[PDB]
Amino acid sequence: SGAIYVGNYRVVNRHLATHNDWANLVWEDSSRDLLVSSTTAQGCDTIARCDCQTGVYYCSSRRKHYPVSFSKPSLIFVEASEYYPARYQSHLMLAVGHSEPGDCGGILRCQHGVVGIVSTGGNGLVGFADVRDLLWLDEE
Ligand SMILES: Nc1ccc(-c2ncno2)cc1
Ligand SMILES: [Zn+2]
């Protein structure tokens, strides 16, 4: 589990979004596994605006942060999940690391701020849904 809180926005994994998230829907992309909902309370997170390919992510199944190298956001085939059919995910970044289903929502960060959230795992890879292109998260 996990979310990003920036301005009046909450960013979550689309497959973990709550009924309240859906009732307060701002934007969702199935192909990205992202949903953004509106919040009453001001969020304190900063979104990275950069092309970093290194950062640190939180891994809840290890209670650890890991430093990783990751690929630039791309269209990647992702195997079966209990929350998706075997499908193409877009804006996905892969690193070598540990990810289990409950690690989704873990934040990947660089010096510039939040890069993305854990979205995919298995076969010793961790996949992160990028948010850096969503420039609209940093205004109204
Ligand atoms: N192989 C490494 C080493 C360090 C980092 C890192 N430090 C801070 N943010 O990333 C990433 C990958
Ligand atoms: Zn960066």
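Numbers in chain A track Swiss-Prot; the residues on display, in order, are 869-1008.
Including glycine, each Cβ sits where the backbone N, Cα and C put it.
Per Swiss-Prot, the features are:
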ACT_SITE  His883  active site, for protease 2A activity
ACT_SITE  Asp901  active site, for protease 2A activity
ACT_SITE  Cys972  active site, for protease 2A activity
BINDING   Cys918, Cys920, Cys978, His980  Zn(2+) 1 binding site
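By the rule that a residue counts when its Cβ sits under 6 Å from some atom of ligand 2, the recorded positions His883, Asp901, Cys920, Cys972, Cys978, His980 yield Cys920, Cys978, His980.
Within 10 Å of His883 (active site, for protease 2A activity), counting C-alpha to C-alpha distances, fall the following of the recorded positions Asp901, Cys918, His980: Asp901. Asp901 (active site, for protease 2A activity) and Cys972 (active site, for protease 2A activity) are 10 Å apart (CA-CA, integer value). Under a cutoff of 8 A between CB atoms, and with a sequence separation of 6+ in the same chain, the neighbours of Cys978 (Zn(2+) 1 binding site) are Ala916, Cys918, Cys920, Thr922, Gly923, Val924. Of the chain residues outside the Zn(2+) 1 site list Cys918, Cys920, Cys978, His980, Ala916, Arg917, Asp919, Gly923, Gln979, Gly981, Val983, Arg1000 have their Cβ within 8 Å of the site's Cβ mean position. Long-range Cβ neighbours of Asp901 (active site, for protease 2A activity) (same chain, at least 6 residues apart, Cβ-Cβ under 8 Å): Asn881, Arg882, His883, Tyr952, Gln957, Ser987, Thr988, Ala997. Secondary structure at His980 (Zn(2+) 1 binding site), taken from DSSP and collapsed to helix, strand or coil, is coil. Within the same chain, residues at least six positions away from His980 (Zn(2+) 1 binding site) with a Cβ under 8 Å of its Cβ are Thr914, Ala916, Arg917, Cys918, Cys920. Fewest Cβ neighbours within 10 Å among the recorded positions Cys918, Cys920, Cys972: that distinction goes to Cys918. Under the DSSP three-state reduction, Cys920 (Zn(2+) 1 binding site) is assigned to coil, being neither helix nor strand.
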